[PDB]
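Side chains are part of it too, since the values below use all heavy atoms of this structure and drop only hydrogens, waters and symmetry mates. By convention in this document, chain letters (A, B, ...) are assigned in the order of the sequence lines, proteins followed by strands, and residues within each chain are numbered from 1.
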Amino acid sequence: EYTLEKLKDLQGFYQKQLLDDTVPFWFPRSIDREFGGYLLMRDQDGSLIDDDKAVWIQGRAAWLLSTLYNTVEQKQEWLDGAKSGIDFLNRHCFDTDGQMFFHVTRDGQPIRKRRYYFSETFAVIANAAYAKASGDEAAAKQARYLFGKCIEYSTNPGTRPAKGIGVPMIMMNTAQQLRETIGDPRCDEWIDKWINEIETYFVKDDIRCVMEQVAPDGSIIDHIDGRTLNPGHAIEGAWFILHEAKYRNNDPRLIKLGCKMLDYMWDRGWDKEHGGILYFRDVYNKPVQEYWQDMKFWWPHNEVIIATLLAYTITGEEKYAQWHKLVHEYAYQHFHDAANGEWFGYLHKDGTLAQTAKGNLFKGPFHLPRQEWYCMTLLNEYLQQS
Amino acid sequence: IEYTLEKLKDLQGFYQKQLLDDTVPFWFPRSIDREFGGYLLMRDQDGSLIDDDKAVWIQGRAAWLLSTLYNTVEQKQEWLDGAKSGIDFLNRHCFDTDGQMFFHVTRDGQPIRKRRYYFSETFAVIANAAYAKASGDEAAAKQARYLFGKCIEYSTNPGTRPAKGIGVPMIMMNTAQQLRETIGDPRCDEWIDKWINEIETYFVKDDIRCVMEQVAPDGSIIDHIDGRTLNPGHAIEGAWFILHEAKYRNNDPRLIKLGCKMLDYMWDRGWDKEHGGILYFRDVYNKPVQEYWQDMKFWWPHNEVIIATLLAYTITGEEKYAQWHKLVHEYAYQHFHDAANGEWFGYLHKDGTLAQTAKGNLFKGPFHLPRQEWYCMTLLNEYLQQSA
Ligand SMILES: [Cl-]
Ligand SMILES: [Cl-]
């Protein structure tokens, strides 16, 4: 079982990993002193495999540095490092039509633009956290302006229409971060709408599943893409909802919703043969066609670590402590690089390493440091209440 | 020493029997959609459907195969009728109002996705050309020749980091070869020459013994994640297209040397010395490859390397190509072929264990494998006739 003694040990473990292993792998060496932003596409030993810049990750990194400054320690280099990324986003990462790029060169020239606005949402949370850390009013205004645009995008968009869970999920966490940094009067009412959308359309109690995509009326699309599940993604949404429950004084309705989602997708996603969270599953257990479906990626493990620990501290249910122990031990034993620090991203189904890089177009200083920071902070609060 | 004439005769019979008694019957006639036309090809290991959608490229590839079997193996009416069903489905449902082809449609032909490629059109060219030869349908011949010109058009003028890809000259070369070998077109030979020259000039790097997938417009290597990424099976597919052309051109020594060089370079980079088989992606400077499936063992690179090694052996007589053919043939038939239900699995982990059980989807269908068995059966029949 998870005694207060063991929870105190876990608190110190996550704090030590965050501050002595994870953050120093990236900072300050990744700050680009010549062009601004961050050089983050790094191999296992920290050497660069590319000098390109992933726009989402630039925003995520500035958000992380600002959040550490705000909640851990007011280190000037973290603040300066956050401003570097904010300035790079503003100077180089917007196209002439007002939408953000996805992928740019070291010096800010565009490589690719996507038809999502997830770039904008990471700019919101970056500017919001930076505004609180620095008191920069231009950043606070920018965060609220971009948030209103994302709200428009989300509501005012072949023969098989689908809606995806990713939009309400990302909008929910964006609004949570805005609320918790500088505030915005629109956050709570829109969070309510996005939780309702998740519960109404994507959570299926009869078959104990959380869908990634459904038809506009909520029905399951019985085709290869429509059947494809992402357990780690669903469980990320579950802990966003549990976080909201805590914020609303441990709202039992939201606790029930988040816990169901976790229960459903733990059962579907945990690999009983090798351990770990499988990347994709199929709602009807048909063979999954996306090639990396049985690989073990870092970030589903980060999100399930958060969700199980948060479910445990809220409900006291021993099964969530059991699941936390399983995923925590699996992840730190398989992904963490004891020699050079930080985590590998990509393992085969059997847990062996597929390739050595620690940063690329998708991985950087976000899912892992957020998990270590959130768990350290959560357990600090929990143990101050006991 | 490696391969005697008797052994080559046994191999010819193997590829022939696998093609006609195992591979083709897994798919046909049961996949012909009598109600809506075209083919239901997204099947699990036991042949049951996992989806009733239709991948437009694969509809064209399957109609090409059925017509080719009709023209070169046996004039079975069921194959002709089956080819016609795919041609008709393409014409009735797979073209948008602007003349461009869709990529992915429903069972009843409604559009799901349209891609900016013209690859879909190249598979309509080869399907219509083969079908025209089989049936004498003049409209199919006219369509194949018209669309071939449209593909040439796009190929000449196909974004701060411009890049050129080897797939364009490769797919255009094979399209032109198939047009030549079915109904004929006066443009084929000159354009094949241009596409071979493009491959040699821009993509084959002799100093580092590599064939690139993409390069900058002047041929320089793009030293970023995507630009460094190599696909050994794709390069070796291009190598055998070139060796095929060498034979047509009266065993042109320049083309033989070029195709063999490409094969040699990418066998060395692509063969997995630890677990066996051809790796899907590599990096030109041996940096870690970022695409997630880089170390998986897919069916189709093995089909293309089986062709290339056997073709190179028959042309050059170099025993190393027989050695490599034996290695990849034994590896692929032992790991991918499903002796219980027929046909081949598509997707293995690096270590050769099965990743999932499906035999058709948006990308796999009756194309790379039956083309390999048909090409090898045919090549060996011709070779053994010469050795008598
Ligand atoms: Cl990340
Ligand atoms: Cl195929």
Side-chain angles (χ1 to χ4, degrees), chain A residues 99 114-121 147-175 186 189-238 240-241 244 253-254 257-258 260-261 264-265 268 280-286 288-290, chain B residues 36 42 49-56 93 96-97 102-115 361-362:
Chain A
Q99 324 197 228
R114 292 240 282 239
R115 211 88 152 124
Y116 327 87
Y117 44 92
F118 294 128
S119 283
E120 278 77 358
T121 66
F147 181 64
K149 292 260 291 264
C150 293
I151 288 165
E152 283 205 354
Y153 296 150
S154 88
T155 60
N156 322 79
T159 65
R160 171 183 302 159
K163 54 206 282 202
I165 200 177
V167 178
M169 283 186 39
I170 191 77
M171 284 311 291
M172 182 180 353
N173 185 68
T174 300
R186 301 167 283 190
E189 170 152 27
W190 280 96
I191 288 166
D192 277 344
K193 287 167 199 173
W194 294 317
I195 290 170
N196 190 68
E197 177 169 6
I198 289 172
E199 176 167 29
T200 294
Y201 292 96
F202 298 89
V203 180
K204 309 296 188 187
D205 294 321
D206 54 339
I207 54 159
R208 298 180 60 83
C209 204
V210 181
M211 309 302 296
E212 273 291 290
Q213 294 165 35
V214 289
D217 62 359
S219 49
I220 293 165
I221 296 164
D222 190 7
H223 298 276
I224 284 158
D225 284 341
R227 293 196 301 260
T228 299
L229 310 170
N230 187 326
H233 199 214
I235 292 172
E236 184 178 26
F240 295 169
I241 286 167
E244 193 65 18
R253 292 148 303 272
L254 296 177
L257 177 54
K260 277 191 325 192
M261 294 170 74
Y264 294 170
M265 301 311 286
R268 281 178 185 266
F280 294 129
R281 297 282 83 191
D282 182 280
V283 67
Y284 297 137
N285 283 129
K286 305 251 166 234
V288 179
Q289 295 315 293
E290 292 299 315
Chain B
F36 296 100
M42 302 195 184
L49 291 173
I50 64 171
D51 206 314
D52 61 358
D53 282 353
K54 289 168 178 169
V56 174
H93 300 292
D96 200 1
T97 77
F102 295 115
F103 173 76
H104 178 184
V105 301
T106 62
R107 186 182 177 183
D108 61 328
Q110 300 180 70
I112 300 296
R113 291 193 272 271
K114 191 182 172 181
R115 272 195 169 42
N361 59 20
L362 269 73

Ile241(A) to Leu254(A) - nearest heavy-atom pair and separation: CG2-O, 3.5 Å
Between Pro216(A) and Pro161(A), what is the shortest heavy-atom contact and its length? CD-O, 3.4 Å
Short side-chain to backbone donor-acceptor contact, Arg268(A) and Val283(A), under 3.5 Å: yes
Between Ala215(A) and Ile221(A), which heavy-atom pair has the shortest distance, and what is it? N-CD1, 3.6 Å
Run the numbers on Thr106(B) and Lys54(B) for side-chain contact (heavy atoms from CB on, under 4.5 Å), then give the verdict. CA-CA 6 Å; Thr106(B) 62; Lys54(B) 289 168 178 169; over 6 Å; no
So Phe202(A) and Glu197(A), side-chain contact (heavy atoms from CB on, under 4.5 Å) or not? Walk me through it. CA-CA 8 Å; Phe202(A) 298 89; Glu197(A) 177 169 6; 4.2 Å; yes
For a 4.5 angstrom cut-off between non-hydrogen side-chain atoms, does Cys150(A) reach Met171(A)? yes
Please examine the side chains of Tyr264(A) and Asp205(A), heavy atoms only from C-beta on, and report whether any two atoms are closer than 4.5 Å. yes
Between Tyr153(A) and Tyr117(A), how do the two ring planes meet: parallel, tilted or perpendicular, split at 30° and 60°? tilted
Below 4.5 Å, heavy atoms only, C-beta onward: do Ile198(A) and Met261(A) meet side chain to side chain? yes
Do the side chains of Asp96(B) and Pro111(B) get nearer than 4.5 Å, heavy atoms only? no
Heavy-atom donor-acceptor pair, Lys163(A) side chain to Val214(A) backbone, under 3.5 Å: no
Has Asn361(B) got a side-chain atom pairing as donor or acceptor with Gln289(A)'s backbone, closer than 3.5 angstrom? no
Reported CZ-to-CH2 distance for the pair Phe147(A) and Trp190(A), which is rounded to 0.5 angstrom: 8.5 Å
Which is it for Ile220(A) and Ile207(A) under the side-chain contact (heavy atoms from CB on, under 4.5 Å) test, yes or no, and what are the steps along the way? CA-CA 11 Å; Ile220(A) 293 165; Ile207(A) 54 159; 3.9 Å; yes
Note: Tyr284(A) and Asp282(A) closest approach over all heavy atoms is N-OD1, 2.8 Å
Note, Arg115(A) side chain near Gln99(A) side chain (heavy atom, < 4.5 Å): yes
For the residue pair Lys114(B) and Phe102(B), establish whether any side-chain heavy-atom pair is separated by less than 4.5 Å. yes
Start with the C-alpha gap between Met172(A) and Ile195(A), add the side-chain angles, then the distance that decides, and say whether side-chain contact (heavy atoms from CB on, under 4.5 Å) holds. CA-CA 8 Å; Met172(A) 182 180 353; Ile195(A) 290 170; 3.8 Å; yes
List the atom of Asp222(A), the atom of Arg227(A), and the distance in Å for their closest heavy-atom pair. OD1-NH1, 3.0 Å
Please report the closest heavy-atom contact between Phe36(B) and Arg107(B), naming both atoms and the distance. CD1-NE, 3.3 Å
Is there a side-chain contact between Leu257(A) and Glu244(A), using heavy atoms and a 4.5 Å cut-off? no
